Amino acid sequence: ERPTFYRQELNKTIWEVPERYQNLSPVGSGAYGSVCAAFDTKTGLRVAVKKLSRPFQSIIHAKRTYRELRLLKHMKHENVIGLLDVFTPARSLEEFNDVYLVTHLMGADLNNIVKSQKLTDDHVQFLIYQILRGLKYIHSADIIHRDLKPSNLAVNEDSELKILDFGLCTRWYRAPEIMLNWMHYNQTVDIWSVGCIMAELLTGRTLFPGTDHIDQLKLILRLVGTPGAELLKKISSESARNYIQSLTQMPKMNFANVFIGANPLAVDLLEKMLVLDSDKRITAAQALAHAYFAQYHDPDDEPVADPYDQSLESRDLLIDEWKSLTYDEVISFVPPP
Ligand SMILES: C[S@](=O)c1ccc(-c2nc(-c3ccc(F)cc3)c(-c3ccncc3)[nH]2)cc1
Ligand SMILES: CCCCCCCCO[C@@H]1O[C@H](CO)[C@@H](O)[C@H](O)[C@H]1O
Ligand SMILES: CCCCCCCCO[C@@H]1O[C@H](CO)[C@@H](O)[C@H](O)[C@H]1O
């Protein structure tokens, strides 16, 4: 049984949606497509509905539409954006051209909730605990976020937090190896970001507000020191090793004299997150077991994902192949409990 759809002009196109979604009100448009807030009469929930723009305009658009859908369908965790619904007005493949995605309405990001204020230690424990819990899940699926920052973090007024992959509402939270276009990366690029987020929550200041790419690097090296010999050993590029070999060696500052007054557990966790050598950074699961999170840690409700086959989305296919693939993802969607 199909729901009854209704047609309505919004953000300069005809939106066509099930009647369960009421009171459509645009929150944003862009090249990606646009979004309305709505009330979902069926669940009683305030929801965001995204209408993809030009989803099947080209191979690249089609490919991306398929990845976005597939990723959304696989993310099922309290601290990660998930899918409430996916729908198309289309009744067959032959007429399939629009894709709408539904999730909880999110009216505020982490910036919007903290507003450059120091938070209490307890409040930072809660926020960070959740980021890390979502990241354990995400990383267990063999995914690296790669651009974790306060704008990619949805936080309601109960400080309940979800990781996003789009700015809801800088380069300051990026791992130094991402800033340096390092060919390889591990999941601890995201742990670096968490450390930057956590420092700023504690202190009320951006940790490394560089004015540009190199000023950013200088600020980082100042806190965490220049590469040691173990780290230099693992540099492939002759130009990167010759650059480093020519730096005046600086020592890693004492984080106790940077985070004056902070809980000593908080300083300890930060020392473990903000190691230059990414092989040396704490992992999410490890950070979740750290004493800093004693009050929130439950080793039995820190769930993992089935690894996520990213090969199916990096194929080189034809428009109408990606579109039928995407159409099957729509048809197969099972609403969550
Ligand atoms: C690339 S651009 O900066 C961009 C901006 C916003 C969004 C954007 N996408 C969504 C959104 C909506 C429904 C979904 F199912 C998935 C994502 C939202 C959203 C979700 C919940 N409440 C408010 C807004 N914002 C996507 C891309
Ligand atoms: C759905 C929210 C879960 C977070 C998973 C985010 C996965 C993001 O994955 C990232 O996407 C970028 C392009 O936007 C790529 O350039 C990066 O290489 C990639 O790591
Ligand atoms: C001058 C500033 C240099 C920044 C040093 C970045 C060190 C990051 O750490 C490196 O991460 C790589 C993945 O990117 C791994 O392959 C390396 O083994 C690891 O040491």
# chains A, B, ... in the order shown; residues from 1 in each chain; ligands from 1

call {"tool": "residues_around", "arguments": {"residues": "range 254-258 of chain A", "least_positions_apart": "4", "cutoff": "9 Å", "atoms": "only C-alpha atoms", "output": "list in words"}}
result
residues 223, 224, 262, 264, 267, 268, 270 and 271 of chain A

call {"tool": "write_last_selection", "arguments": {"atoms": "C-alpha atoms", "output": "PDB file, in the first residue's frame"}}
result
ATOM      1  CA  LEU A 223      51.780  22.664  21.733  1.00  0.00           C
ATOM      2  CA  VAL A 224      52.871  19.133  20.757  1.00  0.00           C
ATOM      3  CA  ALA A 262      41.156  21.413  34.562  1.00  0.00           C
ATOM      4  CA  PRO A 264      43.678  15.967  35.868  1.00  0.00           C
ATOM      5  CA  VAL A 267      44.469  16.747  30.866  1.00  0.00           C
ATOM      6  CA  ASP A 268      45.555  13.096  30.783  1.00  0.00           C
ATOM      7  CA  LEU A 270      43.985  15.321  26.057  1.00  0.00           C
ATOM      8  CA  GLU A 271      47.672  14.242  26.244  1.00  0.00           C
TER       9      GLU A 271
END

call {"tool": "residues_around", "arguments": {"residues": "residue 194 in chain A", "least_positions_apart": "5", "cutoff": "8 Å", "atoms": "only C-alpha atoms", "output": "ChimeraX atom specification"}}
result
/A:128,131-132,148-149,173,273

call {"tool": "residues_around", "arguments": {"residues": "residue 82 in chain A", "least_positions_apart": "4", "cutoff": "8 Å", "atoms": "only C-alpha atoms", "output": "PDB file with N, CA and C atoms, in the first residue's frame"}}
result
ATOM      1  N   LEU A  72      23.383   6.432   4.926  1.00  0.00           N
ATOM      2  CA  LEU A  72      22.278   6.766   5.859  1.00  0.00           C
ATOM      3  C   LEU A  72      21.526   5.534   6.374  1.00  0.00           C
ATOM      4  N   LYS A  73      21.307   4.581   5.487  1.00  0.00           N
ATOM      5  CA  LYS A  73      20.592   3.353   5.833  1.00  0.00           C
ATOM      6  C   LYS A  73      21.382   2.460   6.783  1.00  0.00           C
ATOM      7  N   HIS A  74      22.711   2.520   6.705  1.00  0.00           N
ATOM      8  CA  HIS A  74      23.540   1.691   7.531  1.00  0.00           C
ATOM      9  C   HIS A  74      23.870   2.274   8.939  1.00  0.00           C
ATOM     10  N   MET A  75      23.893   3.603   9.062  1.00  0.00           N
ATOM     11  CA  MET A  75      24.077   4.303  10.345  1.00  0.00           C
ATOM     12  C   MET A  75      22.887   4.192  11.320  1.00  0.00           C
ATOM     13  N   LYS A  76      23.003   3.275  12.291  1.00  0.00           N
ATOM     14  CA  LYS A  76      21.932   3.074  13.312  1.00  0.00           C
ATOM     15  C   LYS A  76      22.503   3.143  14.744  1.00  0.00           C
ATOM     16  N   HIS A  77      22.666   4.366  15.216  1.00  0.00           N
ATOM     17  CA  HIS A  77      23.303   4.619  16.476  1.00  0.00           C
ATOM     18  C   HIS A  77      22.764   5.959  16.975  1.00  0.00           C
ATOM     19  N   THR A 103      15.018  12.507   8.495  1.00  0.00           N
ATOM     20  CA  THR A 103      15.650  12.277   9.794  1.00  0.00           C
ATOM     21  C   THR A 103      15.018  13.258  10.815  1.00  0.00           C
TER      22      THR A 103
END

call {"tool": "residues_near_ligand", "arguments": {"ligand": "ligand 2", "cutoff": "8 Å", "atoms": "only C-alpha atoms and all ligand atoms", "output": "PDB file with N, CA, C and O atoms, in the first residue's frame"}}
result
ATOM      1  N   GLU A  68      25.129   8.384  -0.401  1.00  0.00           N
ATOM      2  CA  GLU A  68      24.428   9.081   0.673  1.00  0.00           C
ATOM      3  C   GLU A  68      23.320   8.179   1.233  1.00  0.00           C
ATOM      4  O   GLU A  68      23.297   7.935   2.421  1.00  0.00           O
ATOM      5  N   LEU A  71      24.832   4.970   2.965  1.00  0.00           N
ATOM      6  CA  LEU A  71      25.457   5.335   4.236  1.00  0.00           C
ATOM      7  C   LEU A  71      24.379   5.623   5.284  1.00  0.00           C
ATOM      8  O   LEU A  71      24.448   5.123   6.389  1.00  0.00           O
ATOM      9  N   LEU A  72      23.383   6.432   4.926  1.00  0.00           N
ATOM     10  CA  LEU A  72      22.278   6.766   5.859  1.00  0.00           C
ATOM     11  C   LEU A  72      21.526   5.534   6.374  1.00  0.00           C
ATOM     12  O   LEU A  72      21.194   5.439   7.558  1.00  0.00           O
ATOM     13  N   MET A  75      23.893   3.603   9.062  1.00  0.00           N
ATOM     14  CA  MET A  75      24.077   4.303  10.345  1.00  0.00           C
ATOM     15  C   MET A  75      22.887   4.192  11.320  1.00  0.00           C
ATOM     16  O   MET A  75      21.888   4.925  11.187  1.00  0.00           O
ATOM     17  N   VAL A  80      24.699   9.244  16.001  1.00  0.00           N
ATOM     18  CA  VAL A  80      24.972   9.393  14.568  1.00  0.00           C
ATOM     19  C   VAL A  80      23.654   9.666  13.856  1.00  0.00           C
ATOM     20  O   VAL A  80      22.662   9.001  14.109  1.00  0.00           O
ATOM     21  N   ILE A  81      23.630  10.624  12.949  1.00  0.00           N
ATOM     22  CA  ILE A  81      22.421  10.814  12.131  1.00  0.00           C
ATOM     23  C   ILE A  81      21.997   9.477  11.454  1.00  0.00           C
ATOM     24  O   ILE A  81      22.837   8.761  10.918  1.00  0.00           O
ATOM     25  N   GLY A  82      20.730   9.096  11.625  1.00  0.00           N
ATOM     26  CA  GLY A  82      20.134   7.960  10.928  1.00  0.00           C
ATOM     27  C   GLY A  82      18.955   8.380  10.064  1.00  0.00           C
ATOM     28  O   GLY A  82      18.573   9.549  10.034  1.00  0.00           O
ATOM     29  N   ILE A 138      31.036   4.400  14.197  1.00  0.00           N
ATOM     30  CA  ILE A 138      31.490   4.790  12.870  1.00  0.00           C
ATOM     31  C   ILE A 138      32.800   4.113  12.467  1.00  0.00           C
ATOM     32  O   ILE A 138      32.888   3.565  11.387  1.00  0.00           O
ATOM     33  N   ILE A 143      34.928   3.322   8.697  1.00  0.00           N
ATOM     34  CA  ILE A 143      34.743   4.677   8.156  1.00  0.00           C
ATOM     35  C   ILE A 143      35.580   5.658   8.985  1.00  0.00           C
ATOM     36  O   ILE A 143      35.734   5.515  10.208  1.00  0.00           O
ATOM     37  N   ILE A 144      36.145   6.638   8.292  1.00  0.00           N
ATOM     38  CA  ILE A 144      36.823   7.726   8.962  1.00  0.00           C
ATOM     39  C   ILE A 144      36.046   8.959   8.613  1.00  0.00           C
ATOM     40  O   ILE A 144      35.757   9.162   7.451  1.00  0.00           O
ATOM     41  N   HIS A 145      35.649   9.751   9.612  1.00  0.00           N
ATOM     42  CA  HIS A 145      34.933  11.001   9.314  1.00  0.00           C
ATOM     43  C   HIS A 145      35.826  11.950   8.519  1.00  0.00           C
ATOM     44  O   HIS A 145      35.433  12.414   7.444  1.00  0.00           O
ATOM     45  N   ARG A 146      37.002  12.247   9.066  1.00  0.00           N
ATOM     46  CA  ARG A 146      38.003  13.097   8.396  1.00  0.00           C
ATOM     47  C   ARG A 146      37.800  14.622   8.517  1.00  0.00           C
ATOM     48  O   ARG A 146      38.731  15.397   8.263  1.00  0.00           O
ATOM     49  N   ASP A 147      36.622  15.074   8.912  1.00  0.00           N
ATOM     50  CA  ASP A 147      36.432  16.530   9.103  1.00  0.00           C
ATOM     51  C   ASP A 147      35.482  16.769  10.258  1.00  0.00           C
ATOM     52  O   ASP A 147      34.476  17.456  10.117  1.00  0.00           O
ATOM     53  N   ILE A 163      26.670  12.857  15.611  1.00  0.00           N
ATOM     54  CA  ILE A 163      27.679  13.187  14.597  1.00  0.00           C
ATOM     55  C   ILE A 163      27.013  13.266  13.238  1.00  0.00           C
ATOM     56  O   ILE A 163      26.185  12.433  12.947  1.00  0.00           O
ATOM     57  N   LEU A 164      27.323  14.318  12.483  1.00  0.00           N
ATOM     58  CA  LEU A 164      26.810  14.578  11.123  1.00  0.00           C
ATOM     59  C   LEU A 164      27.970  14.582  10.126  1.00  0.00           C
ATOM     60  O   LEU A 164      29.162  14.648  10.520  1.00  0.00           O
ATOM     61  N   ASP A 165      27.654  14.552   8.841  1.00  0.00           N
ATOM     62  CA  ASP A 165      28.698  14.755   7.830  1.00  0.00           C
ATOM     63  C   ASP A 165      28.403  15.964   6.946  1.00  0.00           C
ATOM     64  O   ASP A 165      28.767  16.010   5.780  1.00  0.00           O
ATOM     65  N   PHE A 166      27.776  16.968   7.531  1.00  0.00           N
ATOM     66  CA  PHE A 166      27.537  18.233   6.848  1.00  0.00           C
ATOM     67  C   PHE A 166      27.437  19.291   7.943  1.00  0.00           C
ATOM     68  O   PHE A 166      27.024  18.973   9.084  1.00  0.00           O
TER      69      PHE A 166
END

call {"tool": "closest_residue", "arguments": {"among": "A:115, A:222, A:20, A:123", "to": "residue 150 in chain A", "atoms": "only C-alpha atoms"}}
result
A:115
